[PDB]
């Protein structure tokens, strides 16, 4: 009734801006079938997905509900893209504000899976702590729960032109 679902067709429709769930709907399969074809045969990772490969912690649900998780993700996306040209006005505003809060109050983000949710962390697991000289350019505290890759060193460091962006 149609053509076999190949990786190539999925990639073409993705380049045209359709997401994997919509492609599944087009082909009468589950999102998982589209994902499987992409995961098994090497489909193009999105920028966010690339950032995920270098995510420094094993976080589980509901850490994604903490603003620190979301803001750090946005930061990784920025460092990966290198400008705000691909993100919404909201992502930009929130990220710049978060950066300001971290520098002006001289904080870095720490992750410990044992932190239970608390006011101002609906997801729990994260906490802001004072910066140490040993932290260098990182926005995060490296502890026993941190996996920091070479790329992660760039992703989770300040942008080089950070002073100028906030003005």
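Residue numbers count along the first chain shown, from 1.
On average the C-alpha atoms of 111-119 have higher B-factors than those of the other stretch, with 32-40 and 111-119 being the two compared. The stretch with the higher mean CA B factor, choosing between 143-151 and 9-17, is 143-151. Comparing the listed residues 68, 51, 45, 129, the entry records the largest Cα B-factor for 129. Among all modelled residues in this chain, the alpha-carbon of residue 93 has a temperature factor (C-alpha) in the middle third. When the modelled residues of the chain are ordered by C-alpha B-factor, residue 73 sits in the lowest third.
Among all modelled residues in its chain, residue 103 ranks in the highest third by Cα B-factor.
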